[PDB]
Amino acid sequence: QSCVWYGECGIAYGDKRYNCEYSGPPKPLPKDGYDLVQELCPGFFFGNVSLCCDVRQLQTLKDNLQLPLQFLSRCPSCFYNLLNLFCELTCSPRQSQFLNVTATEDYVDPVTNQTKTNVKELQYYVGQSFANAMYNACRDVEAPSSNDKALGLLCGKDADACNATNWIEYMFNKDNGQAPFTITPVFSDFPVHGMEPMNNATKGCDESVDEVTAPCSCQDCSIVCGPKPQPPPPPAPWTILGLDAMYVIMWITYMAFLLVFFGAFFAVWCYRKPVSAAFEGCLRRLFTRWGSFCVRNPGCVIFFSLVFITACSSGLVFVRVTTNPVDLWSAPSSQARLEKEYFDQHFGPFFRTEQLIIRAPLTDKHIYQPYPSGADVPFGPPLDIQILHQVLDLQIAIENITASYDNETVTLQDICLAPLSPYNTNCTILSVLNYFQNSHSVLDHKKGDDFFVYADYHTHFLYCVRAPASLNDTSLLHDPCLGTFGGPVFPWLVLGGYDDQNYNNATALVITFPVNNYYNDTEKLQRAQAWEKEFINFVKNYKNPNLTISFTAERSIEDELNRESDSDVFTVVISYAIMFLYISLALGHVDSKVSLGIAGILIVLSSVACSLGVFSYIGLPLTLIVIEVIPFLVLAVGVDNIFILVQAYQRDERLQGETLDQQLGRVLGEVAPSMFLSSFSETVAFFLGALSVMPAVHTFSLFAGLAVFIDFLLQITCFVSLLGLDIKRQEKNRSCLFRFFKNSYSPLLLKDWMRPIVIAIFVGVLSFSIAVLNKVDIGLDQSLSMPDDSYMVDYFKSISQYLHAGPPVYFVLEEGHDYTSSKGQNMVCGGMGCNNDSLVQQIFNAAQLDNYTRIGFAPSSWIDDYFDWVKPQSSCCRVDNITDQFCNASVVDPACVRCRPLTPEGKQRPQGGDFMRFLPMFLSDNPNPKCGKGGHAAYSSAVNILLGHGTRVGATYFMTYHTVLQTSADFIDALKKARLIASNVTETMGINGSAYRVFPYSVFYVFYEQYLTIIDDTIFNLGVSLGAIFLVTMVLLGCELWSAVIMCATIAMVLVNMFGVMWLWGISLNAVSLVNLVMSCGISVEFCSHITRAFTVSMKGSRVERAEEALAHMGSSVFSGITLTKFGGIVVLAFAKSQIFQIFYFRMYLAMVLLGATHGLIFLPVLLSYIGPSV
Ligand SMILES: *[C@@H]1O[C@H](CO)[C@@H](O[C@@H]2O[C@H](CO)[C@@H](O)[C@H](O[C@@H]3O[C@H](CO)[C@@H](O)[C@H](O)[C@@H]3O)[C@H]2NC(C)=O)[C@H](O)[C@H]1NC(C)=O
Ligand SMILES: *[C@@H]1O[C@H](CO)[C@@H](O[C@@H]2O[C@H](CO)[C@@H](O[C@@H]3O[C@H](CO)[C@@H](O)[C@H](O)[C@@H]3O)[C@H](O)[C@H]2NC(C)=O)[C@H](O)[C@H]1NC(C)=O
Ligand SMILES: *[C@@H]1O[C@H](CO)[C@@H](O[C@@H]2O[C@H](CO)[C@@H](O)[C@H](O)[C@H]2NC(C)=O)[C@H](O)[C@H]1NC(C)=O
Ligand SMILES: *[C@@H]1O[C@H](CO)[C@@H](O[C@H]2O[C@H](CO)[C@@H](O)[C@H](O)[C@H]2NC(C)=O)[C@H](O)[C@H]1NC(C)=O
Ligand SMILES: CC(C)CCC[C@@H](C)[C@H]1CC[C@H]2[C@@H]3CC=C4C[C@@H](O)CC[C@]4(C)[C@H]3CC[C@]12C
Ligand SMILES: CC(C)CCC[C@@H](C)[C@H]1CC[C@H]2[C@@H]3CC=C4C[C@@H](O)CC[C@]4(C)[C@H]3CC[C@]12C
Ligand SMILES: *[C@@H]1O[C@H](CO)[C@@H](O)[C@H](O)[C@H]1NC(C)=O
Ligand SMILES: *[C@@H]1O[C@H](CO)[C@@H](O)[C@H](O)[C@H]1NC(C)=O
Ligand SMILES: *[C@@H]1O[C@H](CO)[C@@H](O)[C@H](O)[C@H]1NC(C)=O
Ligand SMILES: *[C@@H]1O[C@H](CO)[C@@H](O)[C@H](O)[C@H]1NC(C)=O
Ligand SMILES: *[C@@H]1O[C@H](CO)[C@@H](O)[C@H](O)[C@H]1NC(C)=O
Ligand SMILES: *[C@@H]1O[C@H](CO)[C@@H](O)[C@H](O)[C@H]1NC(C)=O
Ligand SMILES: *[C@@H]1O[C@H](CO)[C@@H](O)[C@H](O)[C@H]1NC(C)=O
């Protein structure tokens, strides 16, 4: 047991001093630094602590060993062997057995003039089984705050760059900048030159050093645990063998139907070898009297109707308009809305992000060749230094932005959230320029010498993409890359277009400007939106032909909605102009009814305005989208009713001396039941479709329903009187379709042989529609709701094409958990001693899957960080001795003592009241260079404490990130699976009830919460609306069940074919497509009703003739009344500007129209001819 030294010598460089050389006998260490020995490696701490050692050597070891402690504190296993190496290497008592000093030089004392000898160089003899057990047991640890390979950092060279021998040589070599003097190691397993290397006991990541420190986790050790689980496969289409298993269930059934159908034509060829009408009669008489009444009292009626219109539409003064998207697309009391309501109250609302996806088209990738050694590393086009300067200039200019509002000048610093303030207040900008801190000088300053550059921006970039949380470059660059705001900048948030682990290959640059969003405050929101407007205008007009910018803003969507919503104003006006043109010329043929067409158009707009005004009075706000889609619908229905009545009158011949009233009463009594049926069926259809939970469709449905009902009523009354006035007029000088239907079409269509083919064809199309039913999309694209000429479309394309990370997730653990106990922490903390099914571990596994579960990254929990901070080893914590105030980590150390005693007892987790005593100081910790990251910048928001009564903890969250989400399927999949993870954790916590529960909050959950129940919502809505139609028909048409059931079956056929057309044109099944289907099922009656009544009330002999008589009579008015009108309406809307209209309203209505026309005018005729109700 000989010495190699005692004492230390003068300064070598920086603060580094070469130890003084002295190989004599040992010396018990002074009672002064008991504290280091215990702490460094107590394996030396017994009795007489005789050691060739000095307390200033212990404290310079302890002091120099800070980073390795930072990257390896997680496994005491590897940390403790590395420590066992330095302490023994430094002042073990048998230093001469395994050490050989080779170089040494004289030292001068400025105190006594005595020349000593510094140890410049020496050879270190290290056992092989020690380096093997150390590197192999800690070698799998990745570095924290990154997916690196913590050895990738503490080795100076990448995972594949160093082995176990080279890494130790590099660590001991001062050529790196850490070793104060170089130690030359020598591989040895057997004693050579009498210099026996070191081979003390070694411990792996699978074993704990002491009975109170749990072993390291299998995240950081590969023998304890493994990738054991794997998602299952999605086997569907169901029963593939078959070709969809629905292509077959339908095709096979159809073949059976075709055989059972043509086999009765075949067997026929072979054989060749006071309630019944009590309610339908009182209506006729009443309408007969009331039409007469309104015709002989025109003045009173029309005047009262105008007074009513005005009295009802003056309530339009209280009209309020909603433009805020949350209110539009989210139910006020949906589960996701309540979750969001809880999150905004305790943690403040999620902030607003202004992205910027920069791209350099005019540049090519260039190559980086490392000077010392290394394979070439190509950098994408956007990572050029010149392009980086131009983008930095753009960013610094975006920071200028002022745009004073309401006699007040606000700035980005003023609104941008600064996490750790007011200490550092610059603010959060998440751009790749933060690695250089937005400094042209920092970006260009180089650390090399002529003929080669040692370090370069790539050198810094490469280092900090590997470790964005370093406080120094540590590759001799000596430049910190934490960011001006203080806090890491994760490379996946500031880049896009790279390849899975090669930020070198980045093709795009992401630049975020997070801005604080405020809860119950309007001046701040006004100021922020006013700032965002100027930001948008600037970015839109910026001229840098070298760059292609795609931008957005939190307020961009709402603004876009109001800009696309006002550009169709011309469209609704033109639609009515063309409708009036058609009505004016077709309504009968100075045999012109222009006056009546104008009267009808004004009555329709009056009905629209009256609905809007009444509901504004009630307090329902306008969506301005409705104000554009509602007029069309109401116009269609109102014009149809007007034509029915006027034409039945025109074709009615006047009896004997009848003046005017008798004729009008007769016409109204025979035509009103049918028009009344259509109008009432539609009103009920609309109102009933107004029961879905979505405020936009709910309010729209109400508005449209009321407008149809009031328009029908007002029409029948004011318009029959005005018809009387115009009929009296023209009686003082002041058909070709019907001919066709009766002469050549009704007979043709009803031939014996054409009828079976037609029925076969329609049932075949119905089978197809039913077959392709389940293959309809779910959800709305989110990029099609914007006009085509909008920059948000380009931004969405750019996202889908470049971005690699998604929306952040917060797993909010509601208020009520304990947190001050070992088990209470095990249910949560993803750590050493905490459970294996803990919240953090479950979120970690989810992030490990990443395709099944879309949660992409690790939890970034706050409690793990808090414990890491409070550990006595770290020494970050330090309280004042007399004041009990937090002594910063950079302090003169006058009298500050460690918070937790550095003992075996102190080593445990702080479970008791110390927990809550020190938690606030941690949350108050700043990013100290000695200590580390500190928490203030990351967890102050995430942890809530209620003052008083023991300061019990509030709701906390563990925020992670989603995977890049590009379509509705992707969003719905993410919501579902986040809810599932939460469900698992809630189960595992085992609450004695539901006092509290985990739930995830992300920004899009409220908009996508409807697609978790849209299928049962659709089923219920369609079924209920159709049952209402059924009942209304079977009641109003008398009580005949056969006609009612036939009509209901035909409209159901119409809906199924509607679903087929949906699938075929790529329309999606969101709450708008669903409202339109429930509406179409109500608009179909206008076709299906006339024919069936003309057939039912008929007294010919046989079924065929009844059908042909009904066809002629009523279908002459039905083809001219409904089809052409609705066609004029839809063709003007076919040129939309919001995409949402042009896709859903236009396609759904065109489909409905042509489908209803064919069905009514062809398939109803034929089906009744075959199986129609006799009489
Ligand atoms: C995404 O990033 C990776 C990591 O930088 C790129 O891989 C490297 O790709 C470059 C491209 O041409 C190669 O040069 C690198 O090395 C080959 O390495 C040998 C020595 O290992 C050299 O002698 C060769 O001259 C060549 O440089 C290669 N290195 C590694 C470790 O993969 C990748 O190219 C990039 N994506 C694309 C599409 O380029
Ligand atoms: C994470 O999620 C993806 C979902 O896309 C999972 O699918 C994998 O990645 C892609 C899917 O596009 C496929 O890998 C294939 O790689 C070959 C290599 O040239 C390429 O030719 C194919 O076009 C395709 O890209 C494949 O569906 C699947 N990969 C494997 C190994 O099964 C996958 O679970 C994860 N993807 C990643 C990034 O590993
Ligand atoms: C290397 O191993 C030796 C022997 O196992 C250790 O010396 C023992 O060390 C313990 C640790 O405190 C002492 O309590 C014993 O008194 C020592 N006895 C003997 C006979 O060695 C030594 O501490 C180990 N060194 C390291 C760095 O682990
Ligand atoms: C952001 O914080 C930095 C330090 O982290 C502050 O100072 C930096 O920016 C100054 C702007 O004038 C520069 O002059 C300084 O050189 C730079 N810091 C250093 C290393 O000197 C600054 O308060 C913040 N940024 C500002 C104010 O622009
Ligand atoms: C290159 C990187 C990985 C090195 C990181 C670990 C650093 C801190 C290691 C490597 C070399 C080590 C130093 C080598 C020489 C001495 C002199 C000795 O009398 C006290 C310990 C001291 C001062 C060591 C302190 C810890 C040390 C500086
Ligand atoms: C047409 C009638 C019924 C009016 C109602 C339509 C409204 C509610 C629809 C039309 C377009 C829809 C938007 C489609 C796209 C987006 C972008 C996404 O980032 C948030 C949801 C949001 C903002 C939707 C909200 C709901 C929405 C605004
Ligand atoms: C440790 O044993 C050898 C190297 O010492 C190696 O084959 C093995 O993979 C290591 N164990 C690991 C990596 O878990
Ligand atoms: C814009 O920023 C530059 C740089 O900080 C500054 O000099 C200037 O005063 C700012 N305002 C301008 C140019 O209007
Ligand atoms: C674009 O790149 C050229 C390259 O020389 C540079 O001169 C110019 O300032 C950059 N910005 C422009 C052209 O707006
Ligand atoms: C979890 O609890 C203990 C420790 O791992 C063990 O008995 C059990 O099998 C573990 N199972 C899982 C899935 O972690
Ligand atoms: C460190 O603590 C001292 C004590 O007053 C304080 O002045 C200083 O601002 C602190 N620095 C931090 C928290 O970064
Ligand atoms: C610290 O407090 C203890 C408790 O009384 C006291 O004995 C000791 O002298 C104090 N020393 C310093 C440096 O604060
Ligand atoms: C929830 O946990 C159960 C068992 O703990 C597991 O079978 C299921 O897959 C988990 N759900 C996920 C991972 O979505």
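Residues numbered from 1 in each chain as written, not as in the entry; some residues may be left out. Chains lettered and ligands numbered in written order. Heavy atoms only, no water. Residues with missing side-chain atoms left out of burial classes, pairs and counts.

- In the nomenclature of the PDB entry, the protein is known as NPC intracellular cholesterol transporter 1 of Homo sapiens.
- Its PDB title, taken directly from the record, is "NPC1 structure in GDN micelles at pH 5.5, conformation b".
- Word for word, the UniProt comment on the protein under Catalytic activity is "cholesterol(in) = cholesterol(out)".
- Its UniProt record gives the protein the following Sequence similarities comment, quoted word for word: "Belongs to the patched family." (UniProt positions renumbered as here; feature names shortened; annotations may be inferred.)

**Digging into the overall build of the protein**
1) Next: Assigned secondary structure in the protein consists of 39 helices and 14 strands.
2) Next: Against the globule reference of 32 Å for 1175 residues, the protein gives a C-alpha radius of gyration of 41 Å, more extended than a compact globule.
3) Next: Referenced to the eigenvectors of the C-alpha coordinate spread, the extents of the protein come out at roughly 145 × 80 × 65 Å. (Helix = DSSP H or I, 4+ residues; strand = E, 2+ residues; numbered from the N terminus. Rg over C-alpha atoms; globule rule 2.2 N^0.38 Å.)

**With respect to the site of ligand 3**
1) Next: The full set of residues close to ligand 3 is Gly43, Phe46, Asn84, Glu88 and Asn200.
2) Next: Measuring from an oxygen atom of ligand 3, one finds a backbone N or O atom of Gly43 at 2.4 Å.
3) Next: The contact in question runs from a nitrogen atom of ligand 3 to an N or O atom on the side chain of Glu88, over 3.0 Å.
4) Next: Protein coverage of the free-state accessible area of ligand 3, which is 560 Å², stands at 43%. (Near = heavy atom within 4 Å. Polar contact = N/O pair within 3.5 Å; in protein donor to acceptor, adjacent residues only side chain to side chain. Areas by Shrake-Rupley, 256 points an atom, 1.4 Å probe, with all protein chains shown as cover.)

**Thoughts on the state of the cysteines**
1) Next: A full pass over the atoms with the stated rule returns 15 disulfides.
2) Next: Bridging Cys3 to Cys52, the disulfide has an S-S length of 2.0 Å. Its S-S torsion of approximately -80° makes the covalent link between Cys3 and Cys52 left-handed. Separated by 49 residues along the polypeptide, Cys3 in the segment before β1 (11-13) and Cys52 in the loop between α1 (34-40) and α2 (55-64) bring together distant segments of the chain.
3) Next: What makes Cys3 buried here is its relative accessible area of 2%.
4) Next: Between the sulfur atoms of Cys887 and its disulfide mate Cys896 the distance is 2.0 Å. Disulfide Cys887-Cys896: torsion about the S-S bond near -70°, hence left-handed. For the pair formed by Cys887 and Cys896, the shared burial category is buried. (Disulfide = S-S within 2.5 Å. Buried < 20%, exposed > 50% of the residue type's maximum accessible area, 1.4 Å probe, protein only.)

**So, the sheet that holds strand β14 (residues 998-1001)**
1) Next: Pairing is antiparallel across the open sheet formed by three strands, whose spatial order is β13-β12-β14. The sheet is open, and its two edges are formed by β13 (959-963) and β14, each paired on a single side. Averaged over all pairs of adjacent strands, the angle between their axes in this sheet comes to 35°, without regard to strand direction.
2) Next: Relative to β13, strand β12 (residues 805-813) runs antiparallel, the two sharing four bridges. By the bridge assignment for β13, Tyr810 is matched with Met959.
3) Next: Lying on the sheet, helix α12 (residues 335-346) is in contact with β12 and β14; it crosses β14 at an angle near 85°. (Pairing = 2+ DSSP bridges. Axes fitted to C-alpha atoms, helices over the stretch in contact; angles between N-to-C directions. Contact = heavy atoms within 4.5 Å.)

**Focus on the domain arrangement of the protein**
1) Next: Taken domain by domain, the protein consists of domain 1 (11-188), domain 2 (297-320 + 564-733 + 735-781 + 1013-1171), domain 3 (353-554) and domain 4 (800-1011).
2) Next: When each unit is reduced to the centre of its C-alpha atoms, the spacing between domain 2 and domain 3 is 58 Å. (Domains from an automatic or database assignment.)

**Thoughts on the side chain of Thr571**
1) Next: Along the chain, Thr571 turns up in helix α19 (residues 569-586).
2) Next: Ignoring any residue separated from it by four or fewer positions in sequence, one finds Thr571 in contact with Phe632, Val1132 and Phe1135.

**Considering empty space enclosed by the protein**
1) Next: One number sums up the size of the largest cavity: a volume of about 170 Å³.
2) Next: In terms of lining, the largest cavity is formed by 16 residues, of which the most central are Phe632, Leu633, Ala636, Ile1083 and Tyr1149.
3) Next: Residues that form the lining of the largest cavity fall into these classes: twelve nonpolar, three polar and one charged.
4) Next: Looking at the second largest cavity, the residues that line it are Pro68, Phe71, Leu72, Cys78, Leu82, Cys138, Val141, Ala150, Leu151, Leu154, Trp167 and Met171.
5) Next: Listing elements by their share of the lining of the second largest cavity, those giving two or more residues are α3 (66-72), α4 (76-91), α6 (150-154) and α7 (165-172).
6) Next: Grouping the constituent residues of the lining of the second largest cavity by class yields twelve nonpolar, no polar and no charged. (1 Å grid on protein atoms, 1.4 Å probe; cavity = no way out; pocket = protein on both sides within 12 Å on 5 of 7 lines; lining within 4 Å. Points joined across faces, edges and corners; volume = space filled by probe spheres on them. Nonpolar A, V, L, I, M, F, W, Y, C, P; charged D, E, K, R; others polar.)

**Observations concerning the sheet that holds strand β4 (residues 116-127)**
1) Next: If you trace the three strands from one edge of the open sheet to the other, you get β3-β4-β5, paired in mixed fashion. Edge positions in the open sheet fall to β3 (99-107) and β5 (184-188), since each of these has one partner strand only. Taken over all neighbouring pairs, the strand axes of this sheet differ in orientation by 20° on average, direction set aside.

**Remarks on the pattern of salt bridges**
1) Next: Scanning the entire structure with this criterion turns up 36 salt bridges.
2) Next: The salt bridge involving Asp148 is made with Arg466; its shortest N-O contact spans 2.6 Å.
3) Next: The buried category is assigned to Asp148, whose relative accessible area is 15%.
4) Next: Of the residues examined, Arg466 reaches a relative accessible area of 24% and is grouped as partly exposed.
5) Next: One salt bridge in this structure joins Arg900 and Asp914, with 3.4 Å as the shortest N-O distance. (Salt bridge = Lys/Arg side-chain N within 4 Å of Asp/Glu carboxyl O.)

**Some points on the site of ligand 1**
1) Next: Taken together, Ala375, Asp376, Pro378, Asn502, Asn504 and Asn505 form the complete shell of residues around ligand 1.
2) Next: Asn504 is positioned with one of its side-chain polar atoms (N or O) 2.8 Å from an oxygen atom of ligand 1.
3) Next: In isolation ligand 1 exposes 720 Å². Once the protein is present, 35% of that is buried.
4) Next: Looking at the shell around ligand 1 residue by residue, the classes come out as two nonpolar, three polar and one charged.

**A few points about the environment of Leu587**
1) Next: By the secondary structure assignment, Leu587 is in the loop between α19 and α20 (594-618).
2) Next: Between the C-alpha atom of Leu587 and that of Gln437, which follows or precedes it by 150 residues, the distance is 75 Å.
3) Next: Filtering out sequence-adjacent residues up to four positions away, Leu587 remains in contact with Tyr582, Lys593, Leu596, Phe643, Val646 and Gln647.

**Observations regarding unusual backbone geometry**
Negative phi values dominate among residues other than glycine, just as trans dominates among peptide bonds.
1) Next: Along the chain, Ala236 connects to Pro237 via a cis peptide bond; the corresponding omega equals 10°.
2) Next: The omega torsion across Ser421 and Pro422 is 15°, close enough to zero to call that bond cis.
3) Next: Of note, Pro422 is situated in the loop between α14 (412-415) and α15 (440-444).
4) Next: Despite not being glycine, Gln782 has its phi angle at roughly 85°, a positive value.
5) Next: Tracing the backbone shows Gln782 in the loop between α25 (754-771) and α26 (791-802).

**Some remarks on helix α23 (residues 695-728)**
1) Next: Along its 34 residues, α23 runs 48 Å from first to last C-alpha, staying within 8% of the 50 Å computed at 1.5 Å per residue.
2) Next: In α23, a bend of some 30° at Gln715 exceeds every other bend along the element.
3) Next: Of the residues one or two after α23, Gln730 is the one with positive phi, at around 70°. (Expected span 1.5 Å × (residues − 1). Bend = angle between axes of the 7 residues up to and from the residue.)

**Side note on the packing of aromatic side chains**
1) Next: Applying the stated criterion to the full structure yields 56 aromatic pairs.
2) Next: On the numbers, 6.1 Å between centres and 55° between planes, the contact of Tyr582 with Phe643 is tilted.
3) Next: Owing to a relative accessible area of 25%, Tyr582 belongs among the partly exposed residues under this scheme.
4) Next: Among the residues examined, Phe643 registers a relative accessible area of 6% and is labelled buried.
5) Next: Through a chain of ring-to-ring contacts, three or more aromatic side chains come together here, namely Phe343, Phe347, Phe350, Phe351, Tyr810, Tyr957 and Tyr1001.
6) Next: A cation over an aromatic ring shows up here: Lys524 above the ring of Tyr518, its NZ or CZ 5.1 Å from the ring centre. (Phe/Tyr/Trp six-rings, centres within 6.5 Å; stacked < 30°, edge-to-face > 60°. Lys NZ or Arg CZ within 6 Å of the ring centre and 35° of its normal.)

**Section: the nonpolar core**
1) Next: Counting residues in each nonpolar core, the largest one holds 154 residues, and the members touching the most others are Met675, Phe700, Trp862, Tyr866, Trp869, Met989 and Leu1077.
2) Next: The element contributing the most residues to this core is α23, with 18 residues.
3) Next: Each of domain 2 (297-320 + 564-733 + 735-781 + 1013-1171) and domain 4 (800-1011) gives at least three residues to this core.
4) Next: The next biggest cluster of nonpolar side chains, apart from the first, holds 124 residues, and it includes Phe181, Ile357, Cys427 and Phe535. (Core = buried A, V, L, I, M, F, W, Y, C linked by side-chain atoms within 4.5 Å.)

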